[PDB]
Amino acid sequence: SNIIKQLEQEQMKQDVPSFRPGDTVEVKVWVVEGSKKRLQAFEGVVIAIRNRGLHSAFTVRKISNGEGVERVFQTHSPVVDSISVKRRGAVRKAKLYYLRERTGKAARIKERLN
RNA sequence: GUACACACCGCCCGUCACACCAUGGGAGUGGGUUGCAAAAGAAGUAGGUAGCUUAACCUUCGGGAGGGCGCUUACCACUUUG
Ligand SMILES: [K+]
Ligand SMILES: [K+]
Ligand SMILES: [K+]
Ligand SMILES: [K+]
Ligand SMILES: [Mg+2]
Ligand SMILES: [Mg+2]
Ligand SMILES: [Mg+2]
Ligand SMILES: [Mg+2]
């Protein structure tokens, strides 16, 4: 497994911040429109994390312009320019799929004080 | 006696056929308004308060009081369902 380990290690990002399910994060991703390249933000609740080395991913949910949207980011992709935690959430579960059935007041997540 | 008056060779009724018009019913179906039973909860105001932060007052100079932010509850507009 050392050959593939070396291949994966040379590609991993070194500056991924720590975040947990239930946190609010802002993800800045590259967008190409013609010749221009710019950063677009996507901010929402982390509802799932897949810890898998170079194949790590995380899922962010938001309500956007009257519509719920989920994005599954590949953590080490160069498309993802940056990740930052905006608010720390207090949940028990690793996977918050129950939030898909909730809106407004029913979907609130308590802040994690630490 | 009369409903006749170009005066019984008068007057006149209804179905049927034709034309037009408005209207009742009608499998139902589309709008408007509205009742009831719920869902919902922006902003504001009021109550509470883990957490964060404080120009005037009081300090035994460490702080205290009080305030603010944030969070939370109540009321409620949009909106949704039957
Ligand atoms: K007479
Ligand atoms: K006739
Ligand atoms: K008719
Ligand atoms: K307050
Ligand atoms: Mg005759
Ligand atoms: Mg009719
Ligand atoms: Mg209510
Ligand atoms: Mg409110």
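Reminder, nothing fancy here: chain letters follow the sequence lines and each chain counts from 1.
- Taking the centre and axis of the six-membered ring of A:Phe42, the NZ or CZ atom of A:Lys28 falls outside the cone set by 45° and 6.0 Å.
- With A:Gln11 contributing its side chain and A:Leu7 its backbone, the two residues share a donor-acceptor pair below 3.5 Å.
- Taking atom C1' on both nucleotides, B:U54 is separated from B:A65 by 13 Å, rounded to a whole Å.
- A negative value of the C1'-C2'-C3'-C4' torsion places the sugar of B:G41 in the southern pucker family.
- A:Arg108 has its CZ atom 14 Å from the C1' atom of B:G70, to the nearest Å.
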For nucleotides 47-54 of chain B, give me every protein contact, N/O to N/O, under 3.5 Å, one pair per line with atom names.
none

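- With both atom-pair distances required to fall under 3.5 Å, no Watson-Crick or G-U wobble pair links B:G31 to B:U15.
- Comparing the P positions of B:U80 and B:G31 gives an interatomic distance of 15 Å, to the nearest angstrom.
- With both pairing distances under 3.5 Å, B:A22 is matched to nothing as a Watson-Crick or G-U wobble pair.
- In this structure B:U49 is paired with B:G70, meeting the Watson-Crick or G-U wobble definition at both distances under 3.5 Å.
- A salt bridge does not link A:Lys62 with A:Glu70: every distance from a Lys NZ or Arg NE/NH1/NH2 to an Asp or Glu carboxylate oxygen is 4.0 Å or more.
- Here B:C12 has a north sugar; its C1'-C2'-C3'-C4' angle has a plus sign.
- Between B:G67 and B:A56, the distance separating the two P atoms is 14 Å to the nearest Å.
- Whole-Å rounding puts the A:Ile109 CD1 to B:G70 P distance at 19 Å.
- B:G44 and B:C75 make a Watson-Crick or G-U wobble pair, with both donor-acceptor distances under 3.5 Å.
- Geometry at B:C11 and B:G32 does not meet the Watson-Crick or G-U wobble definition with both required distances under 3.5 Å.
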* What do the steps show when you test A:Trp30 against A:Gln40 for side-chain contact (heavy atoms from CB on, under 4.5 Å), and what is the final call? -> CA-CA 6 Å; A:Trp30 288 108; A:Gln40 191 188 59; over 6 Å; no
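- B:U60 and B:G64 are spaced 15 Å apart, taking the P atom of each and rounding to whole Å.
- Going by the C1'-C2'-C3'-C4' torsion, the sugar of B:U54 sits on the south side, since that angle is negative.
- Of the possible donor and acceptor atoms, none in the side chain of A:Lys36 sits under 3.5 Å from a partner among the backbone N and O of A:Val31.
- Checked by atom type, the side-chain pair A:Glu8/A:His55 shows a donor-acceptor distance below 3.5 Å.
- B:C4: sugar pucker north (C1'-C2'-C3'-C4' torsion positive).
- Between B:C36 and B:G82, a Watson-Crick or G-U wobble pair is formed, both defining distances falling under 3.5 Å.
- With both ends at atom P, the span from B:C78 to B:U33 equals 14 Å, rounded to whole Å.
- For B:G41, there is no paired nucleotide, since no Watson-Crick or G-U wobble pair has both relevant distances below 3.5 Å.
- Comparing the P positions of B:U72 and B:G41 gives a spacing of 12 Å, expressed to the nearest Å.
- Looking at A:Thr75, its side chain does come within 3.5 Å of a backbone N or O of A:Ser56 through a donor-acceptor pair.
- Annotation: B:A39 and B:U23 have their P atoms spaced 47 Å apart (nearest Å).
- North puckering is assigned to the sugar ring of B:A22, since its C1'-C2'-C3'-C4' angle is above zero.
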Every protein N/O within reach of nucleotides 37-41 of chain B N/O, cut-off under 3.5 Å:
unit_1: B:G41; atom_1: OP1; unit_2: A:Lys105; atom_2: N; d: 2.8

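- Within 4.0 Å of A:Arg88, counting heavy atoms only, lies no atom of the nucleic acid at all.
- A distance-only check finds no donor-acceptor pair linking the side chain of A:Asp23 to the backbone of A:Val85 [under 3.5 Å].
- Using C1' as the reference atom, B:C69 and B:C36 are 44 Å apart when rounded to the nearest Å.
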